[PDB]
Every structure is written in structure tokens, then in C-alpha cells.
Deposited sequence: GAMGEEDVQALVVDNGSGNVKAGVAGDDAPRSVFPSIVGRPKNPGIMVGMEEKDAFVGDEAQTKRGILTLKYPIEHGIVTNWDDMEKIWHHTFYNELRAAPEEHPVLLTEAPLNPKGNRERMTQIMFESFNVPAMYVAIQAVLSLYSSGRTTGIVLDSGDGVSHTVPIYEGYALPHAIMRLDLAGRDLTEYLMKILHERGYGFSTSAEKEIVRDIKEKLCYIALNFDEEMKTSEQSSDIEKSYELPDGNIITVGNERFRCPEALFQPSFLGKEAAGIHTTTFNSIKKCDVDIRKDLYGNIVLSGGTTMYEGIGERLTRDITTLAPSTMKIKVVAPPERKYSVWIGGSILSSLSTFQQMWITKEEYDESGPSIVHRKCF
């Protein structure tokens, strides 16, 4: 009867895991499985990256959706055993899923949890909903942007509105790749998987979102103050200039990436418009950012301008950028699975097996 849930948030780039009641995930590792290029059968996370020379690396989650189930099971085994040292068959588990995850996918994850890992009880939560709860809200629209996907998710009185959810295949890995591309202007030829990791870190350390892109291009050309430096692993220094804000500008102008997609401002607006007129004011007034790709300096200020421009002038636009938003999905899961009512929300293994199954 006395038992603490495990909380596992499954992302395209990283898994976040830990125990209900903690204020942050203690386990964060890359969502990567390596298997021998030619003869364990498999390696996960940080260790896989150190053996890239002899392993073929794969990402089992593509744009937020689990697409390689055998490798996903390896990720989950790593999570429970290597990272948490927990017996999954002895803890309830909260697992997260993407907005608009097909039910067939949810069922396979459930089958693996109950029949591979023998979990005694499980609850599946929608990632964006957990983020909204972590912000102390029951109504709002969450913009969740990670490594592989971005979603805009209107939520009313606790629940997502499925007909209004937008998916956008443009997120942090695209931005990393774009920075790799534009650094060729200054003579860098970053291209390997290891080099991509370095450029990801450059992006995180030096990039920012311009309040007005055209004006920022102008001002940055007038002096060298735009230039900022980063120490590479070999001790060499790289200097980056207007690439600092041109890189995340692709969130607003996907044409920079050769994509026809609408930018994140337009997508958020379109998502709100799908909702009936009578609830839009509460959505515009509660635009909540979630996920690592929302961490850029300047993002709230820029989104506020751009959504204000698109929206009716009677609306009151408020973009909320919680300081802990990077792992607000996981944090919302930790809160939910800690509640006195959580035991009434889950499905038990006996129920599943007799459903059946």
C-alpha cells in the first residue's frame, strides 16, 4: 500500500525520469539506442554516444511518437534499472505521451508496461496538459517545443481540445542543424554526429530571439558587439555573430529551413481560432511555454508582439515563460502522481490482464 510512483517523460531527444514528489527529474539522458555495426545486444543514452564508432545509433521516438518499439523497450529498461535502480514491477508508473498520440500507440506502450515490465499500475498523461498544471492553470494554450516536435495545445477546464491541437515538425534539432549550416559562412564544417552535439551546446549557450528580426540585422551590422565566444572541447574558441539570433528566427520563419510550415506565432494563433469564440480570451491570456526550445532569451517578448499583431485588438495577450519550463512536463507528472487522488486514476495490471487484454 505504501508506494511511490515513478515518473517517466519520453522525448524525441531526451528521457526525463525520477520519483513522484521530486521537484525536478534526477535522470535525464539522450533517447538513443546503439547496436553493433557488426558484432550487449544494445547500449543506451550517454554510453551509446561514447561507442558511436562501433554502434549504429537510432532514435526510437520521432517527432514525439514512439516508432521503434524494440529500441524503446531498451530505453525503458535502462530507465528503470540503470538510472533509477527501481523494480518496475513494484511501482506505479506515470508515463507521458504526445498530443494526438494514436490510441494504437498508447495501447502498445500499455501492453509493454504491463506484460514486459509487469508494472502493477500505470497512468498515461498528455505532455502539454502536465505542463499547464505545473504552471498552476486549468485553462490556457501550451506551446511545447522540444527536440523533435512542437505542439500548440488548447486546454479548457483541465482537458485538451483535440480538434484545435497543432503539430509542427520544427523544433530544436532543426535549429541545431540550421546553426551547423550557417556556420559555414565563417568556415566551419560541422557535420558528424559528435559535432552536432557540440553545435547543440553552442546554440543553447549563445543564441537568443530578436524582438524585431529586421531591426536586429541592422543593429548587429553596425559593430562587432554581436560577436560572442564559446570554448570548444579542444580548447579552441569559436566566435558567433548574427547567427546567434538568425538560428532561432527559423521558429518564426520556417522558410529559413526550406519548410513551407507556418511559424510558431501563426500556429499558436491558428490553434486558438479553432476554439469557440467564447473561450478564446482565456487562451490568449494564458499562452504557456514548455520545453527546451522555448528556453531562448527574448522568446516571450517576441511571441507577445507577434501574436498581438495577429489577434483581434480586443484580446489581452499574455505569454507565460515559467523559469522551470524546460522540464515542466515531468514536474507536472511529479505533482499529479503525488496527489492523494492518484491511486484512483490509474489502471491496475489485474484490470488490464482481465480486459483482457
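Trainee: Identify which parts of the deposited sequence carry no C-alpha coordinates, going from the N-terminal end onward.
Mentor: Coordinates drop out over 1 to 5, 45 to 52, 371 to 378.
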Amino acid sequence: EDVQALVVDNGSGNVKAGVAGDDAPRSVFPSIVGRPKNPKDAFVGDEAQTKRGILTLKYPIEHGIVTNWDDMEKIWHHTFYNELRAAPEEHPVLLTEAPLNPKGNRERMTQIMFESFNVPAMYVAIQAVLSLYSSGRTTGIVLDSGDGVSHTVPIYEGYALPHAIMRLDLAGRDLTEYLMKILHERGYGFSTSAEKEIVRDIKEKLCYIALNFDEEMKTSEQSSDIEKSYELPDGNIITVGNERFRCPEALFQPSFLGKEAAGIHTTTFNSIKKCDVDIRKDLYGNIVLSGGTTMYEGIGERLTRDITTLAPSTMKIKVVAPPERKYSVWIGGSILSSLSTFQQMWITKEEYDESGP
From here on, numbers count along this sequence of modelled residues.
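Trainee: Quick check: 316 to 324 versus 285 to 293, which has the larger average CA B-factor in the record?
Mentor: Between 285 to 293 and 316 to 324, it is 316 to 324.
Trainee: Which is higher on mean Cα B factor in this entry, 14 to 22 or 344 to 352?
Mentor: Higher mean C-alpha B-factor in the PDB entry: 344 to 352.
Trainee: Which one of 83, 249, 144, 197 shows the top CA temperature factor in the record?
Mentor: In this record, 197 carries the highest C-alpha B-factor of the candidates.
Trainee: Among 243, 201, 177, 234, single out the one with the highest C-alpha B factor in the record, please.
Mentor: Comparing C-alpha B-factors across 243, 201, 177, 234, the top value belongs to 234.
Trainee: Among all modelled residues of this chain, ranked by Cα B factor, put residue 29 in the bottom, middle or top third, i.e. lowest, middle or highest.
Mentor: CA B-factor rank for residue 29: middle third.
Trainee: What third of the chain does residue 64 rank in for C-alpha temperature factor, lowest, middle or highest?
Mentor: Within its chain, residue 64 is a lowest-third residue by C-alpha B-factor, going by the deposited values.
Trainee: Compared with the other modelled residues in the chain, in which third is the CA B-factor of residue 229?
Mentor: Ranked within chain, residue 229 CA B lands in the highest tercile.
Trainee: Quick check for you: using the entry's CA B-factors within this chain, is residue 53 in the lowest, middle or highest third?
Mentor: Answer is highest: the recorded C-alpha B-factor places it there.
Trainee: Which third of the chain does residue 189 land in by C-alpha B-factor: lowest, middle or highest?
Mentor: For residue 189, whose C-alpha B-factor we compare with every modelled residue in the chain, the answer is the highest third.
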